[PDB]
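Chemist: Mind looking over this structure? Questions follow.
Note: ideal-geometry Cβ built from the backbone for every residue, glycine included; neighbour counts use all protein chains shown. None of the figures in this text is laboratory data; all of them are computed from the coordinates on show.
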Amino acid sequence: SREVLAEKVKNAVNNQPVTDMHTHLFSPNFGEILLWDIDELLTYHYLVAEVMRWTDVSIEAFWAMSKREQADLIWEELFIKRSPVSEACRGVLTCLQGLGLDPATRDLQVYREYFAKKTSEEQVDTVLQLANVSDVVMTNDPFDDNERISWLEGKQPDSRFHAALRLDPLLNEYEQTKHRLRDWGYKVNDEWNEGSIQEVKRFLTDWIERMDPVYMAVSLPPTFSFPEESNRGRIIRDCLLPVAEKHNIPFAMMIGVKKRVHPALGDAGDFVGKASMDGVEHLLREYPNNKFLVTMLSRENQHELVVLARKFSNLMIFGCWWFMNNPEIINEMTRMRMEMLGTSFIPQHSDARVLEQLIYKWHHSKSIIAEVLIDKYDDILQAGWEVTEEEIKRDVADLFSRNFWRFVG
Amino acid sequence: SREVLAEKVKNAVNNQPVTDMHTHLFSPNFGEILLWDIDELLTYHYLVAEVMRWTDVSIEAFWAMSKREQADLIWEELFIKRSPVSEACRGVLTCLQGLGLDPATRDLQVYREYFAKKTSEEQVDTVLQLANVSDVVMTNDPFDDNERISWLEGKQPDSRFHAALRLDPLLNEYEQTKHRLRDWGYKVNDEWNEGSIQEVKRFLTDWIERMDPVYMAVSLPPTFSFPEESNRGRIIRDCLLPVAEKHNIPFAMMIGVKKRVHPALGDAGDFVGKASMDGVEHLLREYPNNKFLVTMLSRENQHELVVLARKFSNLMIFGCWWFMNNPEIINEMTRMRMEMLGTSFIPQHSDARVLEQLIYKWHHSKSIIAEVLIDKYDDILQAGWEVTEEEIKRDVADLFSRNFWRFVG
Amino acid sequence: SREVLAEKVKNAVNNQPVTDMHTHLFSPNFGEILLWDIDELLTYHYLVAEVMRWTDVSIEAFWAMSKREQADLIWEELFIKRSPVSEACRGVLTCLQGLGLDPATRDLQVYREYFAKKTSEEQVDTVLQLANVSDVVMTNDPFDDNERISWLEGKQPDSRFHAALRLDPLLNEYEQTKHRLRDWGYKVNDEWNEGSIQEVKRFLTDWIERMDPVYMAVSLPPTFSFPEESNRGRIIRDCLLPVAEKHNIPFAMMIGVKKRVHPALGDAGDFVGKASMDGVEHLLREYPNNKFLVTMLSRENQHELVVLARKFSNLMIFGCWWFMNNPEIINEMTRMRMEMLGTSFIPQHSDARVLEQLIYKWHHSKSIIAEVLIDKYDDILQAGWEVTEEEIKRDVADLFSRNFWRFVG
Ligand SMILES: O=C(O)[C@@H](O)[C@H](O)[C@H](O)C(=O)NO
Ligand SMILES: O=C(O)[C@@H](O)[C@H](O)[C@H](O)C(=O)NO
Ligand SMILES: O=C(O)[C@@H](O)[C@H](O)[C@H](O)C(=O)NO
Ligand SMILES: [Cl-]
Ligand SMILES: [Zn+2]
Ligand SMILES: [Zn+2]
Ligand SMILES: [Zn+2]
Ligand SMILES: [Zn+2]
């Protein structure tokens, strides 16, 4: 009867349309910022870091190569010279097979043919159908010249794509960012006074109006603290929180990233650190009318984060972020979470940078989540409880989609 | 032959009478402080925290409801609207089934009937028989007005119940507690001098004489330190340790709890934090004639605690406490412990607040411990070693009962 | 087809000759420092710590017993009075069975007979053949009077044994060690100046020339930091690194050991602590022309160490050291590592102190690594990838031998 349960859980999980609440994808009409195709998959920064542990090619020479050459190098170094057993390499193969291509031939030239004959709009339809993803939440940074243009030009995203206002430059680099704000018309002063406060709010409000984001977000360092008499502390306290409450918009904090420990690696140069929970605890307790979405980078912060979620209902924890996005960790995190929170959390997000990743990110995660659900349902079944297929579909819907939409309101 | 071993290990584990060395239960003759019945199980604070993550009912409104209404709300929110897959919810079902009730009907009114027709004394006999628990260690706090009365009135606990002198108010709130001591006749001065020292010892000795506790205990914060020029540091050094050595009574320290991070939740408002091992290390090494029972709340303290037990024989680690009491964690902790300590530790305690919890707490934990034992016995069996059924029963007896009684002496 | 894969992975793993890159063994011709036989196995410090948690025999009385008596005590306490389920006890049995002895008889006197009729050279041939170990890396400390003699007398180690220059006394006890250096002719001054710098380099160079080590090593405390204006910080910066770069010799750092928390236990008296990654991060980034071999003692440092390896190619992480060398931990560590690094790491080393341990250390670890490999190969097989037996043998060769030799150059 566990196998009967297993088949129903797996079916429910596989058929449930997914709302990916955090990615780095863009509506196809936004242009080239939407990365896709086998060359992009292979040049994903997760693989750049991995190839540099093997190749004799210098990092400078690598960045000088064309994307085709980088992709050929990574394919040779990580798939041919050594078996592609890492999670990221495994992911590439899963994407290929899911698209109908054959990893058995190891024919990179043939795989490339598949992508060259399609348009971005077509590949988006293909991938979302294969990955069974109904909604994608973008990461939209108004401080990026390329992204900003699209929004200013009035471009509205595809109905399947949702905006999220990323604020890293504002919160973590205010000393430099303030000057850009001034150039844009927001009259922030040198001192943090009523004027600076109101203009920063104006800036946030203008972009909220323009993007209609499901939430505002920021990635924070292991040393994150709050309250704090710093630009970040003051902006969060005097501008972000008040504005988020007014529009009832959740604040997402991705905590634990130590930026650029290896600058030459670019996007692959970030490290991780354990953070104190004090700041998050204070925010949750002192701002009960604000909603917070949180995910942490350190493996050592995971359990206490689950416990904090038991304390505050205005906290919704989500995903297995970045360095946590590996089977061994996803499994332990998801089990600890269901054990202490039942179904009141968002188990995963893809964080996809390349369109096709939605296939492997969700395929790999769904199989793990399905196994966890099967164990948990079986435990209560052995206790005499009877679970209906509709209750399973309901639970699965909450985990992969409803909890998020319900939280953002 | 692994299945032959499995059946013997499981049989031995299930038939071994358990000594629960830490609970919040009371001898039935102590009165109403002994909580029991389906309504109490459902209003366990672990479930209050969980229901607050789902219900639209305010925490104030919840505390205003009758226990019957709270129980109905929790049943509806956590068992009916979503599958009861969390560890605490699973536990309720296990208790129901163990009592002969049927979770399949989901008939809360029928379950309530079972409890209304029995006396506390009868339910105690029923539960201890079902849970196969021979001895229960209570948590007796002389600073609680309700508990204190029973002891002062000369009430002696049931032979199956043992006393443990809880000292949180004395050690963590001396500034306020000192005044109560004075009102009780213990002449502690404003300054920590010979007089204050002797009167605190007198207080401890009087209660040791009155309760005849198996150990003195205290829960400590993540910031716990020792030695320390504070009330706690001085009381432990000048009073607790000397008195514990004289009567050869162990000192139990439950470390890592951060009290009231969410006051409105009451008992469900405590958080957790990783502690430094420095204080425990110092205590173990500098007080070789004292015995220490230790359990920690942070997942990140578990492995180093096991290593410290390898260093000092006056340290006996026990259980998977509170936020650690979940399958995923219990499994990892128990395996790390057996691997580095063999059978020289106490794997679990229930921490039961409601009588019936003894059923699920021990049922859930025993099945995990049995699987760990089976793996470990199988590994040495494959090495050519032959384990007899009597040796298995012996090992199981040490884990679930003898190690504790042997340690407390 | 998973079983077909399983048989090939297991075969490849078992047949792959192992290069043990860190042990405390010595070439047989070096003399008595090479410990071997059943009495040594039983008196391994891991077991001394374990027996002290059970026996009523004082630690002083234990150290006063002959090695035969200590071995009899440990056998009685840990194998007869309680089942030998701990990892270290399990290891002893694995060694016995591997040598052809029968753990079923529990006849210690008979086992002893096997060893008394052989020479060290013969047992070395026997063990290395059984453990399938082709190369052993020793730990050679020039500050030890016993070891130093052999080297000064011109003794060259067996071709299967390689030297590693251990520098703990120099780096962690310079204030005392400096005086010994002077007595040996190295004119280090009271102040850290050009003269002291050059003489410390001379000392390192002389021993590098004499030992021809594959790397220089040191064990460091949880509080390790760098850069640092201390003897250790200055010696590493001004002498060790420059010299290691010139001879292209890797620097091995075993971090997280807190020495002598329980002095009376001798070698069994060391504890563990979580370290900051700051020092390692700085060393890797600021000294790109230097190579670093790193292993950490704290379970809480493992994941971030893997992430740091993704950042820097001059970092090669290795093994599951000491308190990490237990199935539960080895399994989680190895899976996290393969998931984020593929095959670019050294999964294990034995750290053997007694010759026969090579049998169980490698037997226990190989079975775990084999299971991890099987899961990872199966995941990509399910993705459509086809792995050849030769590619498996290749991958296995990198993990157990080639990655190390390639890194040391
Ligand atoms: O949102 C973030 O800051 C991260 O997720 C980064 O995009 C990171 O580099 C990444 O690729 N995802 O994990
Ligand atoms: O003894 C303690 O301090 C804890 O166990 C508390 O009673 C806690 O609230 C609880 O219910 N048990 O984990
Ligand atoms: O090399 C080291 O410092 C350690 O490995 C010690 O030798 C330790 O005591 C041991 O036996 N190995 O883990
Ligand atoms: Cl930690
Ligand atoms: Zn695990
Ligand atoms: Zn992201
Ligand atoms: Zn308790
Ligand atoms: Zn070693």
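Chemist: Taking each residue in B:305-317, count the Cβ atoms of any other chain within 10 Å of its Cβ, then average. What number comes out?
Modeler: Other-chain Cβ atoms within 10 Å of each residue's Cβ, averaged: 5.
Chemist: What order do you get for C:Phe26, B:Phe345 when you list them from fewest to most C-beta neighbours inside 10 Å?
Modeler: B:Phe345, C:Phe26
Chemist: Let me ask something additional. Relative contact order for chain A: what is it in percent, counting Cα pairs under 8 Å that are at least 6 residues apart?
Modeler: The normalised contact order for chain A reaches 23 percent.
Chemist: Taking amide H positions as placed 1.01 Å from N in the peptide plane, with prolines and chain starts having none, which residues 5 or more places from C:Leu220, or on another chain, fall under 5 Å of its amide H?
Modeler: The list, which skips near neighbours in sequence, is C:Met254, C:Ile255, C:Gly256, C:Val257.
Chemist: Quick check on the protein assembly as shown: helices-only [θ] at 222 nm, where DSSP H runs of length 4 and up contribute -39,500 (n - 2.57) each and the sum goes over total residues. Nearest 500, please.
Modeler: Only helices count here, giving -14500 deg cm²/dmol.
Chemist: Along the charge dipole of the protein assembly as shown, pointing to its positive end and built from +1/-1 on Cβ of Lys, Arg, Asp and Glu, which listed residue (B:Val188, A:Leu101, C:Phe161) has its Cα farthest out?
Modeler: Value: B:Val188.
Chemist: A further question follows. Any idea what the relative contact order of the range C:141-324 is, in percent, if you count C-alpha pairs under 8 Å spaced at least 6 apart?
Modeler: Across the range C:141-324, relative contact order equals 17 percent.
Chemist: Right, next: Report the local net charge at B:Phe143: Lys and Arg +1, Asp and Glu -1, summed over other residues whose C-beta lies under 13 Å from its C-beta.
Modeler: My count for the surroundings of B:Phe143 gives -3.
Chemist: How many nm is it between the label spots at B:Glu173 and C:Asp378, if each spot is 7 Å from the Cα in line with the beta carbon?
Modeler: A separation of 5.4 nm, rounded to one decimal place.
Chemist: Would you list which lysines come within 23 Å of C:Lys393, measuring only between C-alpha atoms, while excluding same-chain residues fewer than 8 positions from it?
Modeler: Cross-link targets: A:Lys81, C:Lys8, C:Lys10, C:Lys361, C:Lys366, C:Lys376.
Chemist: Follow-up. Taking the Cβ of each residue in A:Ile149, B:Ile208 as the centre, tally the other Cβ atoms inside 10 Å and list the residues starting with the fewest.
Modeler: The order, fewest Cβ neighbours first, is A:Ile149, B:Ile208.
Chemist: Now for a separate question. Give the residue from B:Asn231, B:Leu241, B:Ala252 lying farthest towards the positive end of the charge dipole for the range B:141-324; charges sit on Cβ (+1 for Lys and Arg, -1 for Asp and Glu) and the dipole is referred to the Cα centre.
Modeler: My answer, from the dipole projection, is B:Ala252.
Chemist: Taking chain A on its own, what percent of its Cα-Cα pair distances exceed 36 Å?
Modeler: Tail of the P(r) past 36 Å holds 27 percent of the pairs.
Chemist: Run through every distinct alpha carbon pair of the range A:270-409 and return the Kirkwood hydrodynamic radius in angstroms, one decimal place.
Modeler: 16.1 Å
Chemist: Shortest first and in nm to one decimal, what separations exist between B:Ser66 and its copies in the other chains, measuring from label points 7 Å along the Cα-to-beta-carbon line?
Modeler: 8.0, 8.0
Chemist: Still on this model: Please give, to one decimal in nm, the separation of the simple spin-label points placed at C:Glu229 and C:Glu69, each 7 Å out from Cα toward the Cβ.
Modeler: Reported label-point gap for C:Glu229 and C:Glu69 is 5.4 nm.
Chemist: Now a separate question. What are the semi-axes of the equivalent ellipsoid for the protein assembly as shown, taken as the square roots of 5 times the Cα gyration tensor eigenvalues, largest first, in whole Å?
Modeler: So the three semi-axes of the protein assembly as shown are 44, 44, 32 Å.
Chemist: Right, next: Please work out the ratio of the alpha-carbon Rg of the range B:141-324 to 2.2 N^0.38 Å and round it to two decimals.
Modeler: Taking N as the residue count of the range B:141-324, the ratio is 1.03.
Chemist: Here's another thing I want to ask about it. B:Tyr114 label points, 7 Å along Cα→Cβ, one per copy: pairwise distances from this copy to the rest in nm, shortest first?
Modeler: Output for B:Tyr114: 5.5, 5.5 nm, nearest copy listed first.
Chemist: Relative contact order, percent, of the range A:35-116 when contacts are C-alpha pairs under 8 Å separated by at least 6 residues?
Modeler: Result for the range A:35-116 is 38 percent.
Chemist: Further question on the same structure: Taking other Cβ within 10 Å of each residue's Cβ, how do B:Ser365, A:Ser401, C:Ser225 sort, fewest first?
Modeler: Lowest count first: C:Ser225, A:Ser401, B:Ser365.
Chemist: Dipole size in debye (nearest 20) for the protein assembly as shown around its Cα centre, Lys and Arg Cβ +1, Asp and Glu Cβ -1?
Modeler: Once rounded to the nearest 20, the dipole reads 700 debye.
Chemist: Still on this structure, please answer the following. Extending each Cα 7 Å along its Cβ direction at C:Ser276 and A:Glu122, get the distance between those two points in nm, one decimal.
Modeler: Computed distance between label sites C:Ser276 and A:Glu122 equals 5.6 nm.
Chemist: From the P(r) of the range B:4-48, can you give the percent of Cα pairs sitting at distances over 11 Å?
Modeler: Considering the range B:4-48, 77 percent of its Cα-Cα pairs are separated by more than 11 Å.
Chemist: How big is the dipole moment of the range A:250-306 about its Cα centre under a simple scheme where the beta carbon of each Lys and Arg is +1, that of each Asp and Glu is -1, and everything else is neutral? Debye, nearest 20, please.
Modeler: Using only the charged Cβ atoms, the result is roughly 140 debye.
Chemist: What is the percent of Cα-Cα separations in the range C:35-116 that go past 14 Å?
Modeler: I get 60 percent for the Cα pairs in the range C:35-116 exceeding 14 Å.
Chemist: Let me ask you something else. Taking a point 7 Å out from Cα toward Cβ as the label site, list the nm distances between B:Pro242 and the same residue in every other copy, smallest first.
Modeler: 5.9, 5.9
Chemist: In addition: Leaving out same-chain residues fewer than 8 places away, which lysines sit with a Cα under 16 Å from that of A:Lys311?
Modeler: A:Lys291, B:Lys258, B:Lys259
Chemist: Cut-off 20 Å, label point 7 angstrom out along Cα-to-Cβ of A:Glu209: give me the residues of the range A:149-168 whose amide nitrogen falls inside.
Modeler: Label zone hits: A:149-157, A:163-167.
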